[PDB]
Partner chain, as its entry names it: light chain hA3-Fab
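Next up: a single chain in structure tokens, the form deposited without its partner chain.
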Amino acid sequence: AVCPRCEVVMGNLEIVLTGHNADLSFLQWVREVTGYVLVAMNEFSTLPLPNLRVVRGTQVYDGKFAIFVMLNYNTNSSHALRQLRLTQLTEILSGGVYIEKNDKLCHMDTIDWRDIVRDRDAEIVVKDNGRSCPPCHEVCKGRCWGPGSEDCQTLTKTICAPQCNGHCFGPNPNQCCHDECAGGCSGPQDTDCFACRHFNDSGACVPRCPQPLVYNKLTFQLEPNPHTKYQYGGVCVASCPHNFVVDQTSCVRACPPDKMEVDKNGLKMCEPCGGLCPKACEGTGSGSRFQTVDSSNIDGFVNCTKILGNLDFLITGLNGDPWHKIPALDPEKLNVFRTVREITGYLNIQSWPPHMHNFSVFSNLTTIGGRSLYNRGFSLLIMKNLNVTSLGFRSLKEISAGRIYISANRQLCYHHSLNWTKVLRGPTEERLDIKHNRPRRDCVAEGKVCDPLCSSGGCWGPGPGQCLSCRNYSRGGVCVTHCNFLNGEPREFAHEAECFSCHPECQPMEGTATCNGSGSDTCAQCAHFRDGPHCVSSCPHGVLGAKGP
């Protein structure tokens, strides 16, 4: 029904430059136009809008017209606009009317425009049109869109009683329009409006569409509602246009600058990403214009989460190259890679800024694909970085294919203990080229080994946040001796050895578990009020759900 057998025209209805024998039939079923109607520079004889009841003018041509009909005739021929067939035009919600310079347009001087127009200071300008026009049928009582007995304008407005604020269907104080009508009505009900103030659900003029969740007397919380509907400005719809997507409750063209299209259980929605929304970008190397990230490149990675391909950090890439004039990298511009979670191909690091003792810049890198390899098949290559003390790939859980090369980093520690077979899946056999970094014996004696809270896997550097996996528990990627099970400011629970807080308002219990899960329906005791299995703050001040709040 809605559209940009169309019934609602979401936006403006612009007809301009149309030929004498053009099929305007698609419009026949059109009931409402949300913006304005513009009719200019055409040669057809009649504008067929049998069903047009309402023009809204929520956008308005020239600054004050919801209707604009101008210059619809051509001198060289007898083709021109004879009649505006608006036989059902009941109301215009904002904006005046401009009908001028239509040399053959008849009758427009007979219509009580001030009857159709809600705006009591809208500009009405009908003039210089048809000149030898026929009279209205005697039945039209002076007011017509046509020469025939069925082309009448019938009046709509009715002087009205105090109680009604301009909104009524007869002169009585008992004949008020329902609060939800934009303009006039033909009864006191939701379903009797000429046009809705807010939304239209399948007939009823309603202040919101049927909501995405509904209260349950049986569970005492909210739940998914099989009667739910989404907004398309005016029309409450069951599913969105073949083009569109759902953002919370509305239908939109596309997600806001903070969300991604997540496809789930037969509905495409717009969910918040949190930090940043995935952005794929081209890697360096074999298949690119760049064999190294460098000064002329590094901007092209901002806000990047997935690298399609590889990353290559070569010596001229860092120190510049005086001959061809690509300046040295500013070291702190490397923070740009903090946002990277995946590398599709390989990571190759052969030069690193001297004052940076680790690759913490990739502290969020999760997955090295090895979808392309680098020398004799290395998915990871860290070579001759003389100032690097620790890898620091705190997030890296997967290298999907290829071999590893970590050599000649004279000062590199913490890497001896690492179980690569947890990180690098596939055969282990022969995939490890690791040599001539800081000798283990020396590391052990400067105390540069895994934190005791680390499991026998190993770490990516010093401290409890560099572990591959914890001995006991973890909280936000940092190994801890204990969760706040029976003390500690934000009280907590464990699931598969991590700590999450209790539902924001359980009562914190001294020396006993506060909760065994997230949610109100799992606290040991509520610090506020309770409603069935659930701890809640504000009591349900209005049962917004099943049927009526």
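Numbering follows the first chain given and starts at 1.
Here the subject shifts to the form solved in complex with its partner chain, a form of this protein not shown in this document.
Chemist: Does its partner chain come within 4.5 Å of a heavy atom in each of 159, 169 and 172 in the deposited complex?
Modeler: Checking in the deposited complex: 159, 169 and 172 are all within 4.5 Å of its partner chain.
Chemist: Test of understanding: in the deposited complex, would residue 185 fall inside 4.5 Å of its partner chain by heavy atoms?
Modeler: Contact with its partner chain, yes.
Chemist: Using a 4.5 angstroms cut-off on non-hydrogen atoms, would residue 364 count as touching its partner chain in the deposited complex?
Modeler: Residue 364: no contact with its partner chain in the deposited complex.
Chemist: Can you tell me if residue 313 lies within 4.5 angstroms of its partner chain in the deposited complex, counting non-hydrogen atoms only?
Modeler: Outside the cut-off, so no.
Chemist: Hey, in the deposited complex, is residue 194 touching its partner chain, heavy atoms inside 4.5 Å?
Modeler: Yes, contact at 4.5 Å.
Chemist: What stretch, of 211-219, 172-180, 445-453, 329-337, brings heavy atoms to within 4.5 Å of its partner chain in the deposited complex?
Modeler: Comparing against its partner chain in the deposited complex, the contact stretch is 172-180.
Chemist: In the deposited complex, which of the listed residues (88, 411, 417, 305) lies with a heavy atom within 4.5 Å of its partner chain?
Modeler: Contact with its partner chain in the deposited complex is made by 88 alone.
Chemist: Quick one: from 421, 149, 154, 472, grab the residue that has a heavy atom within 4.5 Å of its partner chain in the deposited complex.
Modeler: When its partner chain is considered in the deposited complex, the option within 4.5 Å is 154.
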